[PDB]
Structures are given as structure tokens and as C-alpha cells.
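Read on for two forms of one protein chain; each stands alone as C-alpha cells, with the labels structure 1 and structure 2.
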Structure 1
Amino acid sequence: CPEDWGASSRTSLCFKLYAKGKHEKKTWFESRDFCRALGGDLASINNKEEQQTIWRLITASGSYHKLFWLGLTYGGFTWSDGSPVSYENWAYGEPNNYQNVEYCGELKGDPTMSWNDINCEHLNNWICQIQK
């Protein structure tokens, strides 16, 4: 794994925590771009191993209790009677409300390492992942 990046055990994933300070917390979208501009992406957690890895990273750094953006994101219309949407007559720019808010998953940096979904525009620390 790259320049000081949490080395997974059974996955080619390397994780790195980014929590340099409050004033430098980014949104989920900024966080994703940031990680992508590094040849990676926001961290995905697919097993307990990857989780302990991030937790060790949190311990070694002493980032206890801080929240982090993980690559978790959520994301058309249907007829109630089951019929298929074979026809549409939406007004200009419609539908659009179902996109005024988006939700993303953040990691709670304590022993539970639990996830919570919140507005993707909130300011958070984040965790990147980049292939070995």
C-alpha cells in the first residue's frame, strides 16, 4: 500500500483517513472528488476486516468520535396499480423535487464503527481508498 495508507489484509484496498481539521471538512461530493483525484475513491467497507483496518487507522491517529464520509450513497416514478410507465407527460423540468436532497452514509468513529445516513451536503472528514 501507498504512502502511509492502512493496508488491508485480504483486499487490494488501502485506506487513509482525512481529518486535518474542521475548517477543512468537505461534502460527500467534494470528498469523493478528492479521493478520485488521487486515483482512488471514497472508502467502501465490505467486511469486518476492512472495518477493523479503518478502526486501527482511527486509533493510531487518535481520531476518536469524529465522523467520516464513506462511499455510501442512495439512488424513477411508478404507478400504484402496478401498470408500467409506458407514457409520461411531465411538465417542463419535471419530475424534480425527488432530487432536492440526497443522502449519504457517514461512519461514526468509535468502537461500533456504525453508519448513519445524512444529507450529502454536510461537512465531514472522509476516508479514501486506493488500489495497492
Structure 2
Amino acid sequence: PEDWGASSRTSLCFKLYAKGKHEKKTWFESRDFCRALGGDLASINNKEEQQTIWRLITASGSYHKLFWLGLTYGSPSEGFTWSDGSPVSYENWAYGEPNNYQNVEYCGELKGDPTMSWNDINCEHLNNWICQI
């Protein structure tokens, strides 16, 4: 769908998900859902993509929700990775994150407010999610 608010043209498309609580998915379920449509969980690779997603969040009127992104812990040599294979270069971790709290947080979620900050959280948490194609 045409992004009238974009400041530059791209054919890449982000889509926000989950209107109701029962729809919410684990990180793995969200990854699989987006791949079943031919894409993947969203990666956020620069500030422009972050702003594009923030436009989608405000346009959807679904505020202050948490969304799975494609962030997942890779290894000590890599740190975090994106499920779509992009290197984690741009980062927007919240203060004190990622913190692998209690040794069980290996997936990344977006706080859908103007900060657009990321936090690592347990992959089995039920969240909204963002796909990209």
C-alpha cells in the first residue's frame, strides 16, 4: 500500500499484526507466520525504517503495544542477529538492554511508542508482531 508519508520510495513493506489478544504469538510463531506469507519478521536497519514503522503504529491507533521484531540472539561473536539475515548494525536498545534477564531472554521486542526502543524478552512471550516483505 502506498506510503504517502515516506520521504523516499521503497518497494519494501512492513505490516503490523494482532487486533485481539488471542492472536498474539510467540517469537517463533510470529517468524513462521511472516514466512508463510513470503516475508519475515521485520528488521529495523536505520532510522528511516524506524520512522516508517512509527507512522504505521500511529495510523493504526493501537498504541503502547509490544511487537516482536526479527531480533534473536546469535552467538558471542555475533551478538544479536536479524532473522532475515541482515547484520545488526543500527541499534535502538532501551536503557539497560539487552539484559538477558534471568538468562532466558533471547528474542527482541519493540515498544510501540515514540521511543521505538527494543528490549530482549523471553521468546515464548505472547506479543504482537511486525512482518516485512
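Residues that one form lacks are left out of the comparison. Whichever C-alpha set is largest while still superposing within 1.5 Å between the two forms counts as the rigid core. Counting starts at 1 with the first residue of structure 1 and goes up one by one along its sequence.
Once both forms are fitted on their core, the CA shift for residue 39 between structure 1 and structure 2 remains under 2 Å. Comparing the forms between structure 1 and structure 2, the C-alpha position of residue 102 differs by 2 angstroms or more, with the core used for superposition.
Once the cores line up, the CA of residue 8 ends up 2 angstroms or more apart between structure 1 and structure 2. On a core-based overlay, residue 19 has a Cα shift of 2.1 Å between structure 1 and structure 2. Core fit done between structure 1 and structure 2; CA of residue 88 shifted by 36.3 Å.
Core-based alignment between structure 1 and structure 2 gives a C-alpha movement of 0.1 Å at residue 58. Remark: 2-13, 76-102 are the runs between structure 1 and structure 2 in which three or more consecutive shared residues have Cα displacements of 2 Å or more on core superposition.
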